[PDB]
Amino acid sequence: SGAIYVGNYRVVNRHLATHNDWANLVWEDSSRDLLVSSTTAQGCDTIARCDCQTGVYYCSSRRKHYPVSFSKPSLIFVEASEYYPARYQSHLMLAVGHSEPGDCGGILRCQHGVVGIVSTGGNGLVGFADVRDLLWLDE
Ligand SMILES: COc1ccc(CC(=O)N2CCC[C@H](C(N)=O)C2)c(OC)c1
Ligand SMILES: [Zn+2]
């Protein structure tokens, strides 16, 4: 679990969005596993606007942060789950690191701010949904 709170927006994994997120929908994209809802309170977070390929993510299944080197946002095949059929997920960044299904929503940050959120995992891999291209989150 986890979310990004920036301005009057809440960014969550689309597959973990609540009834309230859908009732206050701003934008969603199944191919990216992202959903953004509107909030009444002003949010706590800054979005990175950079090309960093290193950063630190929070891993809930270890209660720890880990440093990672990650690939640039790209189209990656993701196996079928209870949430989606087998498909290519876009704007996904992979890194070697620990992840379990409940780790989705953990934030990845660099020195410039929030880069993205955990969205996939595998045997010693962790995948992050990028948010740096969503310029409208800042206005
Ligand atoms: C072994 O580590 C795992 C195993 C399985 C997963 C879960 C996973 O990847 N998905 C299930 C939820 C929707 C995801 C999507 N973006 O399509 C895909 C994991 O997530 C962090 C770590
Ligand atoms: Zn950066």
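First residue of the sequence shown: 7, per the entry's author numbering; consecutive thereafter. Quick reminder that beta carbons are idealized off the backbone N, C-alpha and C, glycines included.
- Residue 29 carries a helical assignment under DSSP once its states are collapsed to helix, strand and coil.
- At least one heavy atom of ligand 1 lies less than 7 Å from the C-beta of residue 127.
- Taking the Cβ of residue 21 as the reference point, at least one heavy atom of ligand 1 falls within a distance shorter than 7 Å.
- The C-beta of residue 135 has 16 or more other C-beta atoms within 10 Å across all chains shown, which makes the residue buried.
- Shown here for residue 100: same chain residues with a beta carbon closer than 7 Å to its own, the five before and five after excluded, namely 76, 77, 82, 131 and 133 in chain order.
- As the crow flies, the alpha-carbon of residue 19 is around 8 Å from that of residue 8.
- The C-alpha of residue 65 lies about 6 Å from the C-alpha of residue 112.
- For residue 143 against residue 53, the beta-carbon gap comes to about 5 Å, under 8 Å, which counts as contact.
- The Cβ atoms of residue 87 and residue 38 lie no closer than 8 Å to each other.
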